[PDB]
Amino acid sequence: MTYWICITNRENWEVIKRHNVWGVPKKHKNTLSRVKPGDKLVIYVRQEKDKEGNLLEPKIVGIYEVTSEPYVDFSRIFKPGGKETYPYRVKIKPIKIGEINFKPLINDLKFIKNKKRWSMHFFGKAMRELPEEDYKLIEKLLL
Numbered sequence: 001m002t003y004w005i006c007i008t009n010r011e012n013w014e015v016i017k018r019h020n021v022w023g024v025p026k027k028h029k030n031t032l033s034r035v036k037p038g039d040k041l042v043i044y045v046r047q048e049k050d051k052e053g054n055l056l057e058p059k060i061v062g063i064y065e066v067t068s069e070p071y072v073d074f075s076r077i078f079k080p083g084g085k086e087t088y089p090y091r092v093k094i095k096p097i098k099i100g101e102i103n104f105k106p107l108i109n110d111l112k113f114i115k116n117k118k119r120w121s122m123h124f125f126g127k128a129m130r131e132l133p134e135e136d137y138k139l140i141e142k143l144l145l
């Protein structure tokens with residue numbers, strides 16, 4: 001098996017939730033090739049600003065299970083300034099849906115080596131493998 005944390009934002013999270021699809025750009029197709037049916041996905045939305053200008057901190061919004069082998073589909077379901087379609091995809095199904103702030107978990111997450119500059123572990127990543135302990139920690143807090 002394999003646990004993963006997928007990095008997106010709130011607008012794309014809504015699409016993910018509606019279409020039961022996790023997609024990535026070509027540059028990250030390599031990572032997706034390792035994904036298998038049954039793998040677990042922790043959905044993460046990065047820090048953003050609402051229209052009003054208010055700060056929306058990062059947080060985990062759900063957990064899904066992969067149900068398909070990776071495939072390619074250029075359908076325009078997502079939304080980038084650019085025109086990326088995130089054609090490299092795997093079908094998924096929801097295990098649990100609930101939101102919890104991410105920051106408070108940083109100290110307890112094993113994959114985050116540098117607590118100071120944790121962004122480092124997210125930088126230029128679409129998704130990354132999570133150690134089992136980390137997954138369980140999140141699973142519990144999201145029950």
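Mapping of the sequence shown onto the deposited numbering: residues 1 to 80, 83 to 145, in sequence order. Just so you know, even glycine gets a beta-carbon here, dropped at the ideal spot from N, CA and C.
- request: Return helix, strand or coil for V61, following the three-state DSSP convention.
  value: strand
- prompt: Just the Cα atoms here: how many angstroms apart are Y3 and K40?
  reply: 5 Å
Spatial distance of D73 from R91 (CA atoms): 7 Å
Sequence-distant residues of its chain with Cβ nearer than 7 Å to residue 82 (five each side left out): Within the gap of the chain, which runs from 80 to 83, lies residue 82, and it has no coordinates in the structure.
task: Determine the burial state of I43: buried for a count of at least 16 other Cβ atoms within 10 Å of its Cβ, exposed for fewer.
output: buried
- prompt: Terminal residues of the continuous alpha helix (DSSP H) containing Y137?
  reply: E134 to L143
- request: Give the straight-line distance between the Cα atoms of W120 and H19, rounded to the nearest whole angstrom.
  value: Going by the C-alpha atoms only, they are around 30 Å apart.
task: Would you check if the stretch 122–137 and the stretch 16–30 touch, i.e. whether three or more CB-CB distances between them fall below 8 Å?
output: yes
Boundaries (first-last residue) of the alpha helix (DSSP H) holding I97: Note, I97: premise wrong, no alpha helix (DSSP H); beta strand (DSSP E) at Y90 to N103.
- prompt: Hey, quick one: how far does the beta strand (DSSP E) through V15 stretch, first residue to last?
  reply: Here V15 belongs to no beta strand (DSSP E); instead the alpha helix (DSSP H) covers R10 to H19.
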